[PDB]
Amino acid sequence: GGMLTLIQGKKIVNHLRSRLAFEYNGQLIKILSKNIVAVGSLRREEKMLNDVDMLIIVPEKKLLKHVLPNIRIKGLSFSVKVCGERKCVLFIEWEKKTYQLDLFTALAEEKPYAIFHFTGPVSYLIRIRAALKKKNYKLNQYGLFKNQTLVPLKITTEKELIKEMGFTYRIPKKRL
DNA sequence: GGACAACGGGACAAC
DNA sequence: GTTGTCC
DNA sequence: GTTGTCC
């Protein structure tokens, strides 16, 4: 896929926000825009993008079988590259040129951890996880674990989560 | 003596 | 750093 | 990769 200016990327996301659905036992379920979070370099406001990234919050676990494996896009032609229950990669045709689209899934109780994970950047994410590792924790896109056990942080947002683990909050674009 | 699908360790890849 | 999908 | 199971 080609390179995208930040604003080009914001147009695709805006366009797609009302246009993703999934086929669920024949029926065609539309995905709410309130349940889509733009992530990746887009969310970090980088000048140029290699991917458009969209994290989908799925309401109930039983749907992971159905959302990305049956994902559908109103209007737009595209091909599937790789796809599964938690990561789908699509090459969308958009104005006589093709770009790469990464859809990811998180459940509701994983939401902050997933936005944290997928917002990146990779450098920022490694150095944080290295420090928690040294304190015998593990952090991924689903939770914080100690002794192979979820740590039930009483948090809801990314901002709260970041601070609850012992880090200051930075807007997405100042993460490094 | 070629043409499939099932399996899964490791390549590649998502941030 | 940690996990996902592929053949 | 490898084995299986058809032709």
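Reckoned from all heavy atoms, side chains included, excluding hydrogens, waters and symmetry mates. Order of the sequence lines sets the chain letters (A, B, ...), proteins ahead of strands, with each chain counted from 1.
- Of all nucleotides listed (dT3(C), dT5(C), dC15(B)), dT3(C) comes nearest to the side chain of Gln141(A).
- Neither side chain, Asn25(A) nor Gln27(A), offers a donor N or O lying under 3.5 Å from an acceptor on the other.
- For the pair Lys138(A) and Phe145(A), the cation-pi criterion (under 6.0 Å, within 45° of the ring axis) is fulfilled.
- To the nearest 0.5 Å, the span separating CD1 on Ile128(A) from NE2 on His117(A) amounts to 14.0 Å.
- Judged by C1'-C2'-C3'-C4', the furanose ring of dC7(C) adopts a south pucker.
- Salt-bridge annotation for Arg175(A) and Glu158(A): present, with a side-chain N of the basic residue lying under 4.0 Å from a carboxylate O of the acidic one.
- The separation between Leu68(A) atom CG and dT3(C) atom P is 19 Å, rounded to whole Å.
- Listed nucleotides: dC15(B), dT3(C), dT5(C). Nearest to the side chain of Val82(A): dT5(C).
- A negative value of the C1'-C2'-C3'-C4' torsion places the sugar of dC12(B) in the southern pucker family.
- Screening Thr105(A), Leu103(A), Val80(A) for a side chain to side chain contact (heavy atoms under 4.5 Å, CB included) involving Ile71(A) leaves a single residue, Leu103(A).
- Closest to the side chain of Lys133(A), from the set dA14(B), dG4(C), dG1(C), is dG1(C).
- Atom-to-atom, CZ of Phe104(A) to P of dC15(B) comes out at 5 Å; the value is rounded to the nearest Å.
- Across the protein-nucleic acid pair, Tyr124(A) atom OH and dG1(C) atom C1' stand 14 Å apart, rounded to whole Å.
- Judged by the 3.5 Å cutoff on both pairing distances, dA13(B) and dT3(D) do not qualify as a Watson-Crick or G-U wobble pair.
- Remark: the bases of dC4(B) and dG4(C) do not meet in a Watson-Crick or G-U wobble pair with both edge contacts under 3.5 Å.
- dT2(C): sugar pucker south (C1'-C2'-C3'-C4' torsion negative).
- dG1(D) has a positive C1'-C2'-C3'-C4' torsion, placing its sugar in the north range.
- Contact between the side-chain N/O atoms of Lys81(A) and the OP1/OP2 oxygens of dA13(B) is not found at any separation under 4.0 Å.
- Between the P atom of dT2(C) and the CG atom of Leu144(A) lies a distance of 11 Å, rounded to the nearest Å.
- For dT5(C) with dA3(B), the Watson-Crick or G-U wobble criterion does not hold with each of the two distances under 3.5 Å.
- Distance, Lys87(A) NZ to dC12(B) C1': 8 Å, rounded to whole Å.
- With distances taken from any side-chain atom of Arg86(A) to the nucleotides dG4(C), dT3(C), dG1(C), the minimum falls on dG4(C).
- Among the atoms of the strands shown, only primed sugar atoms or phosphate atoms (P, OP1, OP2) are found under 4.0 Å from some heavy atom of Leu139(A).
- Computed from coordinates, the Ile56(A) CD1 to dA14(B) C1' distance equals 15 Å when rounded to whole Å.
- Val122(A) comes within 4.0 angstrom of a base, heavy atoms only.
- Closest contact between the side chain of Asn140(A) and the listed nucleotides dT2(C), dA14(B), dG4(C) involves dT2(C).
- For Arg129(A) (side chain) and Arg127(A) (main-chain N/O), no donor-acceptor pair under 3.5 Å exists by modelled atom type.
- If you measure from atom CD of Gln148(A) to atom P of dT3(C), you get 11 Å, rounded to the nearest angstrom.
- In this structure, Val89(A) reaches the sugar-phosphate backbone alone: every heavy-atom distance under 4.0 Å involves primed, P, OP1 or OP2 atoms, never a base.
- Where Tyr142(A) and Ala130(A) meet DNA chain C, the nucleotide closest to each residue was compared, and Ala130(A) sits on the side nearer the 5' end.
- Between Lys146(A) atom NZ and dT2(C) atom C1' the separation is 19 Å, expressed in whole Å.
- Salt-bridge annotation for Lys61(A) and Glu110(A): absent, with no side-chain N of the basic residue lying under 4.0 Å from a carboxylate O of the acidic one.
- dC12(B) and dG8(B) have their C1' atoms separated by 15 Å, with the value rounded to a whole Å.
- Here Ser41(A) lies out of heavy-atom contact (under 4.0 Å) with every strand.
- Pairing check for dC15(B) against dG1(D): the two fail the Watson-Crick or G-U wobble geometry, since the two atom distances are not both under 3.5 Å.
- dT2(C) and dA6(B) are not base-paired: they meet neither the Watson-Crick nor the G-U wobble geometry with both distances under 3.5 Å.
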